[PDB]
Each structure stands twice: as structure tokens, then as C-alpha cells.
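Take a look at the structure below.
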Amino acid sequence: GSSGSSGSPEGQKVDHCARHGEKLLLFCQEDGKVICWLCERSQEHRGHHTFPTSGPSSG
Ligand SMILES: [Zn+2]
Ligand SMILES: [Zn+2]
């Protein structure tokens, strides 16, 4: 698999998934919420099309 990109507790906690702990930068359409990497690749949001929120930004 993959160890991860950010693995430090001193990291800017921004919309961190309370389930996995990964930063939520994606936006699921089917659900209309913000999910993380693991989530997206999870049977929960599997196949679901998500978009990069990039914080306070429309496009
Ligand atoms: Zn998650
Ligand atoms: Zn979804």
C-alpha cells in the first residue's frame, strides 16, 4: 500500500476525517460531503465521484 504523505501530529489539523484522520480535500457528489483518500477508496464512497475542495474555493 502506501505509508502516507503527512504523518505528523504537529500538522495543521484542517477538516481531518474523524474516522481515518486524513485531511478532507475531496467533495463527494453522490453524498455531497467531504471525504478523505481512504474514504473515497472505501466501499462506502467507492466509485463515488469526488472533487478537490482546496479549502475556501469554488473552482
Ligand atoms: Zn475517512
Ligand atoms: Zn459518496
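Residues are named by chain letter and number: chains run A, B, ... in the order of the C-alpha cells, numbers start at 1 in each chain, and ligands are numbered from 1 in the order shown.
Within chain A, DSSP run on the backbone puts these residues in strand (DSSP E): residues 26, 27, 28, 34, 35, 50, 51 and 52 of chain A.
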Exercise for the section: Quick one: everything within 12 Å of stretch 44-55 of chain A, counting only C-alpha atoms, minus sequence neighbours fewer than 6 positions away in the same chain. Send it as a count of residues only. Expected result: 18
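Secondary structure of chain A, alpha helix (DSSP H) only (DSSP, backbone atoms): residues 37, 38, 39 and 40 of chain A.
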Put those residues in a file: N, CA and C atoms, as a PDB file, in the first residue's frame.
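selection.pdb, freshly written:
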```pdb
ATOM      1  N   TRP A  37      -8.978  10.395   1.410  1.00  0.00           N
ATOM      2  CA  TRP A  37      -8.461   9.386   0.493  1.00  0.00           C
ATOM      3  C   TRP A  37      -9.034   8.011   0.818  1.00  0.00           C
ATOM      4  N   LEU A  38      -8.744   7.523   2.019  1.00  0.00           N
ATOM      5  CA  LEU A  38      -9.232   6.217   2.453  1.00  0.00           C
ATOM      6  C   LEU A  38     -10.731   6.086   2.204  1.00  0.00           C
ATOM      7  N   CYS A  39     -11.483   7.107   2.599  1.00  0.00           N
ATOM      8  CA  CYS A  39     -12.929   7.109   2.418  1.00  0.00           C
ATOM      9  C   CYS A  39     -13.294   6.899   0.951  1.00  0.00           C
ATOM     10  N   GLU A  40     -12.740   7.741   0.084  1.00  0.00           N
ATOM     11  CA  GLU A  40     -13.008   7.648  -1.346  1.00  0.00           C
ATOM     12  C   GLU A  40     -12.773   6.227  -1.854  1.00  0.00           C
TER      13      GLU A  40
END
```
Handout entry: Residue among A:13, A:19, A:59, A:42 lying closest to ligand 1, counting only C-alpha atoms and all ligand atoms
Key = A:19
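Among the candidates A:12, A:3, A:57, A:43, the residue lying nearest to ligand 1 is A:43 (atoms considered: only C-alpha atoms and all ligand atoms).
Atom to atom, atom CA of residue A:11 and atom CA of residue A:56 stand 18.7 Å apart.
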